[PDB]
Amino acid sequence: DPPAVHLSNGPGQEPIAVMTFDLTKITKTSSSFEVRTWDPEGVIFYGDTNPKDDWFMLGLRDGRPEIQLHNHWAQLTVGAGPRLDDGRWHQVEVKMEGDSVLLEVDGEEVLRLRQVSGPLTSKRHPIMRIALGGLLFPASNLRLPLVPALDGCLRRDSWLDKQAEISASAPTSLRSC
């Protein structure tokens, strides 16, 4: 089996990994991974350039994907797709394509948020953070609060553009599944 990691560490709700990227170097604006869980609710990943007004979250709520986003063009809270809380590995892809954010699950397009973003490259503060398994702000600050901990597993993950990655958090924390 390909190497999987725990999405939560237990008591605390701090992300298990944080990656930071130089925005002027991003050419690939998609992430993809595999996820397995029995948990109906929690954070799979969070991205931001600013935690007060340029941020994105993908989690589960009622076993289904949920996207929360606030940036200059769009502010939204959307559920879409099938229940992923069945203990089977699922393929997920999040892509930004033109002004749209796409969500793919198991090879199918399940959500397309159109006209939600201008070009990254020409963005207002050129550093983007990616956190896995939680937020980089307290849960009460979401548009719609959820309890962040997602007792699940992750593998085959690839975030945005490797060539633009400025830092990656200590991998001393990671816990194998």
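The first residue of the sequence shown is number 1, and the count goes up from there. So that the term is clear: the rigid core is the largest set of C-alpha atoms that superpose within 1.5 Å between two forms.
- Core superposition of the other structures onto this form places the C-alphas of 164 to 172 farther off in 6 other deposited structures of this protein than those of the other stretch among 6 to 14 and 164 to 172.
- Larger average C-alpha displacement in 6 other deposited structures of this protein, relative to the shown form after a rigid core fit, is seen for 111 to 119 when comparing 111 to 119 with 30 to 38.
- Among the other PDB entries of this protein that were compared and that flank it with modelled residues, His70 is modelled in all, so it is never left out in a third of them.
- Gaps at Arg143 occur in none of the other compared entries of the protein that contain both adjacent residues, all of which model it rather than a third dropping it.
- Legend: mean Cα B-factor per stretch from the PDB entry, 6 to 14 versus 162 to 170; the higher mean is in 6 to 14.
- Higher mean CA temperature factor, per the PDB entry, when comparing 58 to 66 with 140 to 148: 140 to 148.
- Take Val35, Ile130, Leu113, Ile26 and read off each C-alpha B-factor from the entry; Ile26 has the highest.
- The PDB entry assigns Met19 a C-alpha temperature factor belonging to the lowest third of its chain's modelled residues.
- In the deposited entry, the Cα temperature factor of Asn50 places it in the middle third of its chain's modelled residues.
- The entry lists a Cα temperature factor for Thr121 that places it in the highest third of the chain's modelled residues.
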